[PDB]
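First up is the structure itself, then whatever we jot down about it.
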Amino acid sequence: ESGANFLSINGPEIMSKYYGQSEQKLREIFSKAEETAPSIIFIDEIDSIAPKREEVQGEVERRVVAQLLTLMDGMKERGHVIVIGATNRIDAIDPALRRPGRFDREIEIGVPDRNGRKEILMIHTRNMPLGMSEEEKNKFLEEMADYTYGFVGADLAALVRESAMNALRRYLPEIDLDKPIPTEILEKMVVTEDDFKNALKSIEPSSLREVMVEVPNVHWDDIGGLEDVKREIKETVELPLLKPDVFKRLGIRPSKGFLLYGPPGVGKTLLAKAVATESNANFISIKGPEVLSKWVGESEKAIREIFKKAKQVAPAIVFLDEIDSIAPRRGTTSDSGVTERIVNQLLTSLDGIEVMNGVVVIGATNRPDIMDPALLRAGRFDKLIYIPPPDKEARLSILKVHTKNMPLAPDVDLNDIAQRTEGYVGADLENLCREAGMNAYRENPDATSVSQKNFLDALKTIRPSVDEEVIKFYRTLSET
Amino acid sequence: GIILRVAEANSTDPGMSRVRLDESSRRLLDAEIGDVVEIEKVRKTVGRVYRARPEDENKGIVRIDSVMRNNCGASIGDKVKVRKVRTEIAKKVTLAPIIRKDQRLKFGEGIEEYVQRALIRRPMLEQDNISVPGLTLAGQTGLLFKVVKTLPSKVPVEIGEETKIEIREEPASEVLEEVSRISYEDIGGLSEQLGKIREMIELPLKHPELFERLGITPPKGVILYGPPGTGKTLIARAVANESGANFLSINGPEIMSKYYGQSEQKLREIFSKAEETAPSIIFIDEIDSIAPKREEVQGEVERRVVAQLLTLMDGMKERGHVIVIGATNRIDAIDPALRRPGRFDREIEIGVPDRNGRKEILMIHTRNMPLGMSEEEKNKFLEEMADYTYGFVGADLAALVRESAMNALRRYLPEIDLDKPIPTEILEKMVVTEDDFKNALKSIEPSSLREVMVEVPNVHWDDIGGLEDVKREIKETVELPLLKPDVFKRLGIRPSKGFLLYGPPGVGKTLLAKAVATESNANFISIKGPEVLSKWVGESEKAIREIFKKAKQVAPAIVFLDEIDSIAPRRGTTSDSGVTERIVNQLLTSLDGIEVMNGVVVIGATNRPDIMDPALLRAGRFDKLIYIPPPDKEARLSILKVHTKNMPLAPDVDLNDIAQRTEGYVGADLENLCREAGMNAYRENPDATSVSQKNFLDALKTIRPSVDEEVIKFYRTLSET
């Protein structure tokens, strides 16, 4: 678009030029920078040029970087030229490059989102006979976007090209092997979604990316009862966004966010997942199996960057669960507050992170039973939100969410089981439909079909999950 | 139409011209069985074969032998014209040696013996090269003879048993397409992978304009893995044989002999021939030597040779019509920047074989010698050699049978004929008894260093005992989602991983989960404590993440994970608490992020569970417990008859009396009681405890009753809570 000259600093030239060949080439490509001026200088070789962590890579490595520093210093900054650089990741870069007299602005290029992937796909969408408005859903990119996770343009390009061979193997080899291209084979060329789905089942997908984000699909239509917390979640999260001129009227102090407790994923993983869609904000999940991926690949230091990552992506909610689960093993922590060496990076950050931002601190756990007395204090995790077991009116609202996808018939009565059992949580209600729903109606020849007792037969096997003592333990730990 | 396909012969028919043609494929040509065939194709090269019907093959293709495709130069998917012709018989045929790299050939007699019994009524023509292996692995391989003249020349002939054979021995070369080419049938290994690797370079290398920019961008680069030179490297030179293009060889001895300034110019020198020999394929097995780089200092020559190879591929527009590929020993010893664009993109991981895949690898090395498949049904068949052998490879199997050939030598050659002239009597003496291959199994030669391996079981439900309530329940979990899914969408139930087992070690529990893998005809992936203790000692605990990704391609397969959590409680207390260990969380987090709906089935087991996480009890993870009851009388009697069917039968052993008195014995005890007391059963040995029912009762008092009502009650309390 600029129309100016483009200088190419590439791998094969710096590898083919050894001592005395590359040293003169650095001024040679810089001599064209003054001649082709105005021109832009792009270097993707920062990984090869200046990987230096300050070790000995040899004299040629220190010579090529020291010249590139003087090549930019040899310029008054006016030939009317702009030197830029690129590298694979936040690493493999010389630390002195951030010093003045040289590269100053650093623009971090991230990854796409569900909408951002559609923009990347749209580039590679049409070499072929597909459509957006002409196929509304089946061939639209969002249906391909929701299944795909952790990809990139060239990976998507090579994936569809490999998925193009699926379109070939169903057409080209067993029909026309001829070098002359027939006119009939042209109408035969289309793309069915199965070609892109077959690559999803095959092993090609791989995600090595440490830091990733996402957004949920969950709305409040699939949510059940406990509407008391519903409007309470709106109270915490949604008020500071629209209000702040009202927030300055009352003059109340700031705060981070609430915290949840209850059996795993009953509604709790779904409830905090529902609020992100309604507010139309982003969703940042920090989870135990998600963290156990971080500190194994040395990303526990990148958790500090994830903290700084949340401020640009804001408004976004931060969802942090069971990182403290590894705290008590080194030293005893419940109300004691002796945690772990990496976890204190979570603690100290929440103390020094700026408030008033679009970030919302959220946490959850089965029974809390791991915490710090500072985590109970303000500027940090805050007043507990009690998740009650769904009542009859709440269970019936949850059961109708589970049975709307399954067929409907009088054979399944939701009233009788709701009156007898007051204590089932969200996970049990979500579990009972899983295996007994396979026994519901006809999915299979077994004789337990089309009965209400199949839910009752599994009702006796599963635990009642009615514990009055742990609910009493919640009220004692909350006030104290 | 007449065009019937050529393929790689599964049943080889080591006798050439015996090529398999389907009964359904021959009725399409209206040619009956057992007639002389005339194969005519482009270039006017011809050959004759004999029709014999296989079974599993369909009419879409005709599966043809390698050498008969190597005689007509046939590539998979060519065009031929075949029809039935008149039938005649030879009279006197004259043959001549083929001398190119062979350094002359066989000297002495055997012009009748070796040729005659191997003829087996081969249809052929004058000036045709016949392949006759046999008599040994070492010194005798597939060997081609140039036929000079037969009395019924150029006419269809099947050389008979009463027809003499004359060998002129006058040195000459091949008239038609001798060896130094390796066909896909001459290749052996992973089957579907062989077709998947070739299909990307298939269409471009044949013709440039057939597939060029049409479907996609052609292959940039291909990275290969596995035993580099077991015959994986032989595939490289082999692929260039069917394509007919030039094959550039980047090898170890040249890069080692060329130091600074010699190798740097040689990189452009071999690249200069790449543009001249274009179209050509570039195979590099030196990626280990060329670019081992983990980003350390190996010296300037190491960074110079890799930086040039990057620019050598960058110096090409990607069109000289050439494809550069690479190979290395393992997933390691490779430059990390090679996965960046502008360079090698496609990476095809070459794995190891299976019980069926090993038979394909063995079939390549099966015939240099006098063995057979249909002619020996079982004793010499490859599957009997496959089940005992574990963790081998083609060259290891080749050197193993060659060392096992010395077993055939030491029983014959040294103490009989040391003479340089080869007698005619020693030729009949050459056979292979299975004991030669068994003696190498007892000897120390077998070694398996391979980290990641898979397997499949032999266990069926005929050896399984009672507890049929879990039987149909195992079918409920595993077998329903495969056939049903349009029914699965009708109910709309959520997904899930799989059940979990508990009970005394290996009672039926190791056998029960081992039986389901065979019935469903799926694969079997076992993750076990002694199997894991091999993993994290050899730094394979990171490869466990790859084993997770390994399960999706091998699917449908069940994943069987036991006692990895046994090392969890030692660092911190975990039963329902859920503080496990640093490597084990890679198991946890993966099960949370692994995609459902796949053909993988999560299975686990333990003696008493007593180690777990509260997340392992929650969904998306380990699931509802399956109680294994102790076998009852009707269950024990069904288990006891499985143990005593291999042992002799007699009224001396009564299964009814011991089944009524003892209600609590588990599967391991019932499996154990027959072990030592079965040696005391009947006459295996002089001791006086023979032929009595009390020998089972004498060991019954010594062994613990294994009746615990408290642990069964502990199961019901931990299951609901």
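One-based numbering along the chain as shown.
We read in the header that electron microscopy, 7.8 Å was used to get this structure.
Placement of Cβ uses the backbone N, Cα and C atoms for every residue, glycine included.
Residues or ranges marked as ATP binding site in Swiss-Prot (evidence: sequence analysis): B:226-233, B:503-510. Around B:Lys232 (ATP binding site), the C-beta neighbours below 8 angstroms that are at least 6 residues distant in the chain are B:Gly189, B:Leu224, B:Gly226, B:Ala327, B:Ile350, B:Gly394.
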Cβ contacts of B:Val507 (ATP binding site) (under 8 Å, same chain, 6 or more positions away): B:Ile628, B:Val666, B:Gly667, B:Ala668, B:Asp669, B:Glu671
Binding-site residues compared (B:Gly226, B:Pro228, B:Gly503, B:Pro505) - the one with the fewest other Cβ atoms within 10 Å: B:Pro505
Proximal but sequence-remote residues of the same chain as B:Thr230 (ATP binding site) (Cβ under 8 Å, at least 6 apart): B:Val393, B:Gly394, B:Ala395, B:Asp396
Spatial neighbours of B:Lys509 (ATP binding site) that are distant in sequence (at least 6 apart) but have CB under 8 A: B:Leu501, B:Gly503, B:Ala605, B:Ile628, B:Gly667
Per DSSP, three-state class assigned to B:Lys509 (ATP binding site): helix
Local backbone state of B:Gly503 (ATP binding site), from DSSP in three classes: coil
